[PDB]
Ligand SMILES: [Ca+2]
Ligand SMILES: [Ca+2]
Ligand SMILES: [Ca+2]
Ligand SMILES: [Ca+2]
Ligand SMILES: [Ca+2]
Ligand SMILES: [Ca+2]
Ligand SMILES: [Ca+2]
Ligand SMILES: [Ca+2]
Ligand SMILES: [Ca+2]
Ligand SMILES: [Cl-]
Ligand SMILES: [Cl-]
Ligand SMILES: [Cl-]
Ligand SMILES: [Cl-]
Ligand SMILES: [K+]
């Protein structure tokens, strides 16, 4: 009956199982993965928030996420990230 | 449709300039620098204040978050004066309802 | 599509202008920074570093320009880019 | 004595400062470095602890948490993964 | 009668004093403007620039370089030189984290 | 016999050893006592989560190791192999930690 | 068999991300694509680091990733290293690296 | 209806309390803003503004000028330990640098 503290750890596990099904992760390693997701969430959302504000928009859309991603990630990482983000939105809106 | 309005802190900068140095004025560019400065420290304070309230599971930015933000952002002597001036203003404001 | 770089119109193609960052100008910059004596290797090295600096600020500035759907880079675009790169500038807006 | 018990700073031993320098690839070490490092470590902890404790007071707590330190490290441009970010 | 001639360093020190008292941009404006336009072509064709955006850029470059030369001057002096060299610039940028 | 490594050889062995491992290099209790001392100048009768003291230790050690790398480069830049206080000073001035 | 994440083809929680954007003081409103895209990017980066760190764990005959494997992954990748250039990974150490002037002759 | 007093005037301030309140609400900082917050923040911005203008004014006077320019702001800031720290990562257009020549570069003989 303690706090109820959310984290990305179940999702980190799921991704780990996709990419390396027979490997596991220490709890400190999971903590660092958790730290990482929060850090990059914040960086991206913060830049997106700024992009919208600079442009007098009230809405953060996937286009603000994408520009935020181009500003924030290094070249190759950003091409792939953009590509995975797009693909996910395309796949999401077509689905239903 | 003259030419849409652009806010600035320059009337207030001028007023404070007259309190501090009655016979001194200020160039357009210098004014531009003062405007930049005010918006910069606004964002820094408000952002740290935003963070304080978020870490503490609060929806409201109060004078207390402004104060802690100021203590984190400003170096010693500036911070003491700023805390003093913001304490005076709130107190005054509150007593004048 | 017909027209390539001249699809969009009227002659704005660029030179090799890095050499317009001259030795004397580089020496004035170093002077303001207190430097008294200068190896002959410094001039071409500074051009490199200047270029890298501008590539990075301009890339971000132009990103802000494309996001706003404009074709004109603004002082604010640059200002926002400079802030991002931890090189905050005062006197041009923001 | 008050050499370690109110300059606990001396508990940062010469051997420990060399180990740190070794992990930083340092081969040889001037004898004046151990005092210099102690000054530097203290300034660093002063700055970080000041901010953490400010987070602690604002939360009306008497116990400094890992999150206080993490937030403090982040303000100082010194982001840390693994302690609850 | 020899012509007048200052010894090496004397005019350098004079120039240091001169430019440290002034604030005027030290790179010539047109060449810098072309340089900016040329670099931006790599990211997007047929861009216009506000004049103030170009001035912003020049202000930020010059301040960046004056700052780096300060650090570079320190790196030369640390190695008991008075002459700044590429390895000085390289050390300062590496310590700054600009470079690996 | 006098079997003896030359000056420098054990240093390099130590470098290889500490670069391979990830354990904290400052002893824990002395570090912890330092934290509590420094903290008292800001507020009395403060308590500390253990993970807080560990977070502080991790950050400090990471800081010092990274500062020793830059210091090493500054010594080498001056054609030495021996880090000196003026090397730390120069690293810190260029990093903008000090004026 | 639908959940926002499944539609999008993702492991990361689109709904959670959506909620975090909305309550995070970023903007008045958040469009429906934003959290899909954002959760996609977070998963992509998470996958890269875990692919590499999983490899580093294998290379050292271990079945579990530990902070060192994460550190080895990140610091030997030129672009992850830049993205995380002002980040300290607790219990990660540093990369083996000794300046050449310090090595003995041959 | 009473005749209206600015929140600034009740606070004893030159800086716009009401504008600051508005900028806090519309800046995406929190869901709600307390009545004290913009009063406090407005005061702090006034104090810091006053402090820079005090010192730049002195720099202007020292230069035999009536008007502050960007250089006076730069001279003020950089010569002040505390402002220099606050604005340590900030670039002041047309400000220049502080006169500073490293001792080793001055010629043989001293001071
Ligand atoms: Ca980029
Ligand atoms: Ca006065
Ligand atoms: Ca700011
Ligand atoms: Ca000599
Ligand atoms: Ca040990
Ligand atoms: Ca990669
Ligand atoms: Ca491999
Ligand atoms: Ca005041
Ligand atoms: Ca005053
Ligand atoms: Cl060289
Ligand atoms: Cl020394
Ligand atoms: Cl959207
Ligand atoms: Cl309030
Ligand atoms: K925000």
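Residue numbers (full-length UniProt numbering), protein chains in the order written: chain X, 31 to 126; chain Z, 30 to 126; chain A, 10 to 103; chain R, 19 to 103; chain P, 37 to 136; chain H, 38 to 136; chain S, 15 to 120; chain C, 12 to 122.
All C-beta atoms in this analysis are idealised placements derived from N, C-alpha and C, irrespective of residue type, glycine included.
Q. For a contact meaning CB atoms closer than 8 Å, what does residue 121 (chain Z) contact in chain C?
A. Neighbours of residue 121 (chain Z) on chain C, chain order: 21, 22, 23.
Q | residue 50 (chain Z) vs residue 64 (chain C) beta-carbon contact at 8 Å | A | Judged by their CB atoms, residue 50 (chain Z) and residue 64 (chain C) are nearer to each other than the 8 Å cut-off.
Q: Take residue 107 (chain P) and list the residues in its own chain whose beta-carbon comes closer than 6 Å to its own, dropping the five residues that flank it on each side.
A: Within the same chain, Cβ atoms closer than 6 Å to the Cβ of residue 107 (chain P) are found at 128, the five residues on either side in sequence being excluded.
(Q) At a cut-off of 7 Å, would you count residue 48 (chain P) as near ligand 9, judging by its Cβ distance to the nearest heavy atom? (A) Outside the cutoff, so no.
Q.
DSSP has residue 98 (chain A) in a bridge; who is on the other side?
A. Beta-bridge annotation (DSSP): residue 98 (chain A) is paired with C:102.
**Q.** Members of the segment 57-82 of chain C that neighbour chain A once the beta carbon cut-off is set at 7 Å
**A.** For the segment 57-82 of chain C, the set of positions with a beta-carbon nearer than 7 Å to some beta-carbon of chain A reads 81 in chain order.
Q: Examine the Cβ distances between the segment 117-135 of chain H and the segment 18-27 of chain S and report whether three or more of them are shorter than 8 Å.
A: With a cut-off of 8 Å, the segment 18-27 of chain S and the segment 117-135 of chain H do not count as touching, because too few Cβ pairs lie within range.
Q. So what's residue 82 (chain R) in DSSP terms, helix, strand or just coil?
A. Residue 82 (chain R): strand per DSSP, three-state reduction.
**Q.** Buried/exposed call for residue 58 (chain Z), threshold 16 Cβ in 10 Å
**A.** It counts as buried.
Q.
To be precise: take each residue of the segment 85-99 of chain A, compare its Cβ to all Cβ atoms of chain X, and keep it if any distance is under 8 Å. Which residues remain?
A. Residues of the segment 85-99 of chain A that bring their beta carbon within less than 8 Å of a beta carbon in chain X comprise 85, 89, 93, in sequence order.
Q: Would you mind working out which of Z:56, Z:85, Z:66, Z:70 sits nearest residue 80 (chain C), comparing C-alpha positions?
A: Closest option to residue 80 (chain C), Cα to Cα, is Z:56.
Q: Would you identify the three-state DSSP class for residue 40 (chain Z), choosing helix, strand or coil?
A: In this structure, residue 40 (chain Z) counts as helix in the three-state DSSP scheme.
Q) Taking a cut of 7 Å between CB atoms, which residues from the segment 73-106 of chain X lie near chain A? A) Of all residues in the segment 73-106 of chain X, 81, 84, 85, 97, 100, 101 have a Cβ within less than 7 Å of some Cβ in chain A.
Q: For the segment 42-66 of chain R, enumerate the residues whose C-beta is nearer than 7 Å to any C-beta of chain S, in chain order.
A: Cβ contacts with chain S come from 43, 45.
Q | Contact set for residue 22 (chain A): own chain, Cβ-Cβ below 8 Å, skip 5 residues either direction | A | For residue 22 (chain A), same chain residues with a beta-carbon under 8 Å away, outside a window of 5 residues either side, are 14 in chain order.
**Q.** Contacts that residue 100 (chain S) makes with chain R (C-beta to C-beta distance below 9 Å)
**A.** Chain R residues near residue 100 (chain S): 95, 96, 97.
Q) Once you ignore the five residues that flank residue 112 (chain C) on each side, which residues in its own chain have a CB closer than 7 Å to its CB? A) For residue 112 (chain C), there are no CB contacts under 7 Å within the same chain when 5 residues up- and downstream are skipped.
Q | Residue range of the unbroken alpha helix (DSSP H) whose run includes residue 63 (chain P) | A | Run containing residue 63 (chain P): none; DSSP gives neither H nor E here.
Q) Is DSSP giving residue 90 (chain P) helix, strand or coil here? A) DSSP places residue 90 (chain P) in helix when its eight states are reduced to three.
(Q) Is residue 58 (chain C) near ligand 8 - that is, is its Cβ less than 7 Å away from at least one heavy atom of it? (A) The answer is yes for residue 58 (chain C).
Q | Which of helix, strand or coil DSSP assigns to residue 44 (chain C) | A | Residue 44 (chain C) falls in the strand class under three-state DSSP.
Q: Flag this pair as yes or no: are the beta carbons of residue 97 (chain H) and residue 91 (chain R) separated by less than 8 Å?
A: Result no, Cβ atoms of residue 97 (chain H) and residue 91 (chain R) do not sit closer than 8 Å.
Q: Compare the C-beta of residue 116 (chain C) with all C-beta atoms of chain A and state if any pair is closer than 8 Å.
A: So, interface residue.
Q. When DSSP labels each residue in this structure, what does residue 76 (chain Z) get in the three-state scheme?
A. Of the three classes helix, strand and coil, the one that applies to residue 76 (chain Z) here is helix, per DSSP.
Q) Can you tell which of H:42, H:40, H:46 has its C-alpha closest to the C-alpha of residue 118 (chain S)? A) Looking at H:42, H:40, H:46, the one whose alpha-carbon comes closest to that of residue 118 (chain S) is H:46.
(Q) Can you tell me which residues fall inside 7 Å of ligand 6, judged by beta-carbon distance to its nearest heavy atom, and keep chain order? (A) Listed by position along the chain, the residues with Cβ atoms less than 7 Å from a non-hydrogen atom of ligand 6 are X:106, X:107, S:62, S:91, S:93, S:94.
Q: Grab the span of the alpha helix (DSSP H) containing residue 20 (chain S) for me, first residue to last.
A: Residue 20 (chain S) -> alpha helix (DSSP H) spans 18-22.
(Q) Residues of the segment 110-127 of chain H in Cβ contact with chain S at a cutoff of 8 Å, in chain order, please. (A) Under the 8 Å Cβ criterion, the segment 110-127 of chain H contributes 110, 113, 118.
Q. Which residues have a Cβ closer than 6 Å to any heavy atom of ligand 12, listed in chain order?
A. Each of X:91, X:92, S:45, S:46, S:47, S:48 has a C-beta closer than 6 Å to some heavy atom of ligand 12; these make up the full list, in chain order.
Q: Determine whether the Cβ of residue 31 (chain S) lies closer than 8 Å to any Cβ atom of chain R.
A: Taking Cβ atoms only, chain R never reaches closer than 8 Å to residue 31 (chain S), which makes this a no.
Q. Name the residues in the segment 39-53 of chain P whose C-beta lies less than 7 Å from a C-beta of chain A; which are they?
A. Here the close residues are 45, 48, 49, 51, 52.
Q. Residues of chain E with CB under 7 Å from residue 103 (chain A), in chain order?
A. Structure shown: chain E not included; protein chains present are X, Z, A, R, P, H, S and C.
**Q.** Under the three-state DSSP convention, the category residue 31 (chain A) falls into
**A.** When DSSP states are grouped into helix, strand and coil, residue 31 (chain A) belongs to the coil group.
Q) Along chain H, in chain order, which residues have C-beta atoms closer than 9 Å to that of residue 20 (chain R)? A) Correct list: empty, because the minimum Cβ distance to chain H is about 11 Å.
Q. Can you tell me whether residue 75 (chain Z) is buried or exposed, with buried defined as 16 or more other CB within 10 angstroms of its CB?
A. Under a 10 Å Cβ-count criterion, residue 75 (chain Z) is classified as buried, with 16 or more other Cβ atoms of the shown protein chains found around its own Cβ.
Q | Supposed contact pair residue 101 (chain A) and residue 77 (chain A) - C-beta distance, whole angstroms, cut 8 Å | A | Rounded, the Cβ-Cβ distance is 17 Å, inconsistent with contact.
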